[PDB]
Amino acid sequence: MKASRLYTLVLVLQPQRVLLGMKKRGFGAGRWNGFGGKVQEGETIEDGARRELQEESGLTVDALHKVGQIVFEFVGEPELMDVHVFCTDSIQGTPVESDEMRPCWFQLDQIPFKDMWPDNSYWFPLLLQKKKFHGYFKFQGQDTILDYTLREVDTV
């Protein structure tokens, strides 16, 4: 197969709203996304998710809940992105804007799907229903899905 690199993604989901971060600079600026990044050597995936949430947004949490796993493949990139998806509802601190990311709350009837990664339209709804999932999405560039699979699972 291909090799994969481990990433995290954290959705701060409360009963009526979700916190997302807008990419401010670089390629892909303007898109809203959960918080996360590459897992580092030595840490568990969950601890890496907590670390990235704090580094990116300022927020801390005692614990996260794992809700999904999604593999992303990009045309022209040999390495797969293996993204472990977590959900907070409980959080310490206020979110902080950085030079790279602007955080913003959205009501759950105003989820900004058109300005999110296209895959989020498929798996976000499961997350809102408190379901767990496994997914795979192959992209041409940033906007076009060529193939995907999505399945609800009982155990992630």
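Note that residue numbering follows the sequence shown and begins at 1.
Note on 7-15 vs 20-28: mean CA B-factor is higher in 20-28. Averaged over their C-alpha atoms, the temperature factors of 118-126 and 59-67 are higher for 59-67. Each of 108, 39, 96, 53 has a CA temperature factor in the record; the biggest one is found at 96. In the PDB entry, a CA B factor belonging to the highest third of its chain's modelled residues is recorded for residue 103.
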